[PDB]
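Student: Could you work out the structure for the sequence below:
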Amino acid sequence: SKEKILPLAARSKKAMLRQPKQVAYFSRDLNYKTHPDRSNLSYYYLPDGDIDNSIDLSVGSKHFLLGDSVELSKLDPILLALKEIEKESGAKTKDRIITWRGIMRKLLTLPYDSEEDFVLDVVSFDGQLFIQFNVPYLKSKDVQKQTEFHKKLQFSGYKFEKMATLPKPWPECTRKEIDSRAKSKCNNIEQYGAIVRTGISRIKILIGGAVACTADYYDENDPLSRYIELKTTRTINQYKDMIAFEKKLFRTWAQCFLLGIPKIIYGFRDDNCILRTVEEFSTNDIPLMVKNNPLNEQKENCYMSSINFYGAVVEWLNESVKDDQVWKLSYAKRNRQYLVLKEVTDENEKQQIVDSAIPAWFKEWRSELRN
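Tutor: Residues are numbered from 1 along each chain as shown. Here you go:
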């Protein structure tokens, strides 16, 4: 089993970035059946009075259910989307890299935020690298998932998301469902997402993304501008707080910039899970705020280095695997020097990984496509 080593300090300054461009959207139901609709597409709404009212983010914690990552981190929604893309287009797309935003954000953050361990399938069916999490690794993640404070934090985030949104546009949204947001559950299953055909170097990449909610409505021409991402962290009170804040904004900027989402509404929950203050951000403004901070003015801008490293990673991916060759891309927190690109063999793990990642529905779909 051949293996290739990619140094962690490698950079590709040549590659420039194409602007993000959405192609299609989806609405996964509560039964993990993805549908091509905007059922879960919510609308942002939060007056200043609500954050003046000291809303509690911990109420109804026991009701917080959540699905499992094994069947969640699956390319099946993107696979269906591409299925109709080639259904009416009639020809395979030039896109090569297909994955989820989580892997991309993790590998962008790697040069400076390297505290991550993961294994990535590198299946190359039909000359289209369907990178996604290794399915046996997903089962192992359940043990690695393990407490109560972290789950409380995710519940705080989802409650903040539910409190600052609306199932319908504000005009048609009746008062009863305005004053019913706090009495609903927090389902971590149904989501609204879309596929983005971004670009780095000379490779077209399809990335799915769980869109939190649109700003005021859905713009039929440039939907990316109207999209908003909702996040919340502990309130800032000292220098260590704002340093952790800056790291969180680094990773959030990486996430949004890969999806090309301009706005960031960023909550500030206190010690006891209560929202205290909120404030907004623009995606393009993040590096300027970070590198022009009057407080603790003190290196260089990690954004360009991360972008160049990600371009080098894309070049590595498109140059390493030739065709229909499954690999396993992994990184250990103790490595800190290289990327582990090993290929799996024995014609059993390869076949089971291919079947799990790509259902036969897509595999048979390409058969008539070649016809």
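
Student: neighbouring contacts of the helix or strand harbouring residue 142?
Tutor: Using DSSP states H and E, residue 142 sits within helix 135-145. Under the contact criterion CB atoms under 8 Å, 6 or more residues apart in numbering, helix 135-145 has outside partners 68, 69, 70, 73, 118, 119, 121, 352, 353, 356, 357. The C-beta positions use only the backbone N, C-alpha and C, and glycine is treated the same way.

Student: Let's see that with 6 Å instead.
Tutor: 69, 70, 119, 356 (CB atoms under 6 Å, 6 or more residues apart in numbering).

Student: What is the subsequent helix or strand relative to that helix?
Tutor: Beyond helix 135-145 on the C-terminal side, the first helix or strand identified by DSSP H and E is helix 149-163.

Student: Could you list the buried residues of that next one?
Tutor: 153, 155, 156, 157, 158, 159, 160, 161, 162, 163 (16 or more other CB atoms under 10 Å).

Student: Repeat that for stretch 228-247.
Tutor: 228, 229, 230, 231, 232, 233, 234, 235, 245.

Student: Looking at the buried residues of helix 149-163, which is nearest residue 307?
Tutor: Here the nearest of the buried residues of helix 149-163 to residue 307, counting by CB to CB, is residue 157; it sits at 27.1 Å.

Student: For the residue minimising distance to the centre of the chain, which non-adjacent residue is spatially closest?
Tutor: Central residue check for the chain by CA atoms, centre = their mean: the C-alpha nearest the mean position is that of residue 101, 3.2 Å away. Distances taken as CB to CB, 6 or more residues apart in numbering put residue 209 closest to residue 101, at 4.9 Å, once the chain neighbours are dropped.

Student: Hmm, that neighbour is touching residue 259, no?
Tutor: Yes - using CB atoms under 6 Å, residue 209 is in contact with residue 259, at 4.5 Å.

Student: Tell me the spacing between the residue nearest to the centre of the chain and residue 67.
Tutor: 17 Å (CB to CB, to the nearest Å).

Student: Pretty sure residue 13 sits in a strand.
Tutor: No - remark: residue 13 does not belong to a strand; assigned using DSSP: H, G, I helix; E, B strand; the rest coil, it is coil.

Student: burial count for residue 55?
Tutor: Per other CB atoms under 10 Å, the neighbour tally for residue 55 reads 19.

Student: got the contact list for it?
Tutor: 163, 275.

Student: May I have the phi/psi pair for it?
Tutor: phi -70, psi 140 (degrees, to the nearest 10).

Student: what are the phi and psi values for the closest residue to residue 8 other than its chain neighbours?
Tutor: Using CB to CB, 6+ apart and skipping the chain neighbours, the partner closest in space to residue 8 is residue 337 (5.5 Å). Dihedral angles of residue 337 (phi, psi; degrees, to the nearest 10) stand at phi -130, psi -30.

Student: Kindly report the same for residue 312.
Tutor: phi -60, psi -40.

Student: so it sits right up against residue 10, yeah?
Tutor: Yes - here residue 312 lies in contact with residue 10, judged by CB under 6 Å, at a distance of 4.7 Å.
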